[PDB]
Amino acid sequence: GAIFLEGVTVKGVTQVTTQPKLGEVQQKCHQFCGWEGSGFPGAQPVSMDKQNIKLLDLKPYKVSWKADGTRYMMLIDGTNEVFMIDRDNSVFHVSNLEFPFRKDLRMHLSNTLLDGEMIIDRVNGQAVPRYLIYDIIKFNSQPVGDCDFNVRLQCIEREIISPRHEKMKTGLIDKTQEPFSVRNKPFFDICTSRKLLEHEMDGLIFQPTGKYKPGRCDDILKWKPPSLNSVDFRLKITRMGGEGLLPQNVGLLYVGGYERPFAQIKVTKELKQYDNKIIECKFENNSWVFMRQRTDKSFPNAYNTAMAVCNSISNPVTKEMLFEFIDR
């Protein structure tokens, strides 16, 4: 959606609508991911419920703190070719980000695909953009995504953060020139995850150590404290009555890939303001509750993502309960 980062304004970053290169940057990301369908190829994590958590016993898992951020895959195809892709498949061209090849420090990266969030860090008085690299799909055409989540975590460290961090002590690369701060997200064993329950996080993520998968991953688990559970709906306000008379007018909430409305929202003075727009709602008191408009999404959550959140809110995993599952 046309806004790259919500609330922050960001240099060097300009949405790509050019008909020719758009369908291309999109094209290359499917192919790198093995994505058969249309839409954003990146792996989608599902909310932990009491049936999910049992999965943390059945194989090796890594944890990390989830900062609330905007999902972006980053395709490094060339010299000035650096693109971000959000969940909508919207593309953005980044200018001054340089990714030097590890062996030849003069040479530049091609056929690389990244995954991560854009997060807003606050250095007091001003908010600084950071892009955390939380996975890598492809490197120089080598299917690193087929390797071990620990193999790939190193790729990210050794093949990406390091070659850039050499030219960052050489004066050949100026970090005050670049659009945003490029970092990698730290992962731990579940053991130490408990301790994390004992920058800023609205929750935890649990990564299986397996090969990278695109699409819904029933096995990547997002845990979130039950009151912070939310869903992105298309809000369409329709005034209606049939022959059954009263002209009441109710806000209908919509999700992706379900045709009828998913829920209803009580109309208010304030709400009409964002209509036909996208709205993030928290669930409480047996009602969806408008919380903040979402300017970065041209699209609402998927019906399957939505149901997933409800599954979670009606059969929740409490902080303690998760604590007590990791511990012993």
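Just count from 1 along the sequence shown to find any residue number.
Going from residue 198 to residue 199, you skip over 4 to 9 residues of the deposited sequence that the entry leaves unmodelled. As the entry records it, the average C-alpha temperature factor is higher for 241 to 249, out of 83 to 91 and 241 to 249. Look at the C-alpha B-factors of 180 to 188 and of 131 to 139. On average they run higher in 180 to 188. Across the options 296, 57, 36, 280, the residue with the most elevated CA B-factor in the record is 36. Taking the PDB entry at face value, the top CA B factor among 229, 124, 112, 207 belongs to 124.
When all modelled residues of the chain are sorted by CA temperature factor, residue 3 is found within the lowest third. Ranked against the other modelled residues of its chain, the C-alpha B-factor of residue 273 as given in the entry falls in the highest third. Per-chain ranking of the deposited C-alpha B factor places residue 66 in the highest third. Ranked by C-alpha B-factor against the other modelled residues of its chain, residue 19 falls in the highest third. When all modelled residues of the chain are sorted by CA temperature factor, residue 224 is found within the middle third.
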